[PDB]
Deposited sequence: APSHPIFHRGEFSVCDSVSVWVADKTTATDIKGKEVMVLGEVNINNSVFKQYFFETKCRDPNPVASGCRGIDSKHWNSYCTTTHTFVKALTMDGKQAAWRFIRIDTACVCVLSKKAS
């Protein structure tokens, strides 16, 4: 169907991620590969974000609007310099439109 997203986005598989921020606001290293019960996986992250810069289809003469990137949190083997551990880390997941009254 000829359906359009209000904000345009880009999705990509990320396999070379080296750093991230966890759910507690801490910066961490993200490992390239993980050992889970004697299986070896690469850490891939499916990331979606706005393209470089208002929103589309907006009733403009009553609203200001911009496109912004929102996130999810995804478990990952990480290292903070003190402890190697699985932690939930912030990942870009969508491009969404935000409104404000024009005045």
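Residues of the deposited sequence lacking C-alpha coordinates fall in the stretches 1-8, 62-66, 117, numbered from 1.
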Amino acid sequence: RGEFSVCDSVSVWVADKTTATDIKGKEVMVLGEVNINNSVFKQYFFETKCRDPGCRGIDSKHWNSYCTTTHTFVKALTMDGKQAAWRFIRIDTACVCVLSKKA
From here on, numbers count along this sequence of modelled residues.
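Per the PDB record, of the two stretches 38-46 and 71-79, 38-46 carries the greater mean B-factor over its C-alpha atoms.
The stretch with the higher mean CA B factor, choosing between 28-36 and 61-69, is 61-69.
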